[PDB]
Each structure stands twice: as C-alpha cells, then as structure tokens.
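*Asks:* Before anything else, here's the structure in question.
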Amino acid sequence: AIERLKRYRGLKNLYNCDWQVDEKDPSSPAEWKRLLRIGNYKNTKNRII
RNA sequence: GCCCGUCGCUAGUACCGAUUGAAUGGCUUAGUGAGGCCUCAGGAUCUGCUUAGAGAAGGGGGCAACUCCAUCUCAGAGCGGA
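When we follow the entry's author numbering, the leftmost residue of the first sequence carries the number 494, and every step to the right adds one.
Shown next, in the form of structure tokens:
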C-alpha cells in the first residue's frame, strides 16, 4: 500500500480543492513539456479564420 | 453619499463624420434634345388621256407609184394623277 499510493492527495471535497497543472510526476509524460499551452479556444478560432 | 470606483489587455455593443470612391432619388441652374404627329419643300420612280415622227397587216379609190381611214411598236410636245 505504500508504493502504489505516493502520488495521491488527501482532500475532502471535489469542489473545494486545489490542484496544479505543472506538478512533477513520473506518471506524467516526458513530452508534456513539448505541448502547446493554448489560452482561449474561441479567440484564436476566430483569429485563424 | 457608498462600492464595486481606477490601470492596461480578451472580444463584442452602440457612435460620429474631419473623411474619401462609386451609385440612387428629389428640388434647382444653364445647355443639348431622340421619336412620332401636323406642316413647308423635295421628286428615285411609275402611269392615264390629247397631239407630232418612223414602220407594218386590212379594206375603198389614182389603178402605176400614190392617197383615205382602220388595228399595233419606238421616240417628242403636253395636260396631268400617284
């Protein structure tokens, strides 16, 4: 139970918790850093047309 | 009073008009003005009835050419009509 439960957090509510997108994790892909971080969809969708 | 009121950004929402580039419509200025009508001329062209000249077929008479009129083609003088 120790080795399988290291990447977990002990929050209490799904709507009253906080998370980060840039957390360090071995389960995270190495190419996640090589991914585009697009801000807003509809603005660049209108821009690209 | 008073609260959600400044700052720059993400898109949207109404604007003005100092703006040009066209086009539409109505008043107005000046000039041009098609087409038909009526009217003044014009006369490509055609054509009817009189009267001149040249040719034929017919009959009557000098009986020998020649003469009288009868029926047609071309060219003139006309009056004309469209």
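Here a beta-carbon is modelled for each residue, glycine too, at the ideal position from N, C-alpha and C.
1. My guess is that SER520 and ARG497 are in contact by the Cβ rule of under 8 Å, so how many angstroms apart are they, rounded?
2. In the DSSP assignment, find the unbroken alpha helix (DSSP H) run with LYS538 in it and report its ends.
3. With hydrogens ignored, establish whether the beta-carbon of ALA523 is closer than 6 Å to any heavy atom of the ligand FAD.
4. What separation, rounded to the nearest whole angstrom, lies between the Cα atoms of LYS505 and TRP512?
*Replies:* In short:
1. That pair is no contact at about 12 Å.
2. 534–541
3. The ligand FAD is not part of this structure, which contains no ligands at all.
4. 13 Å
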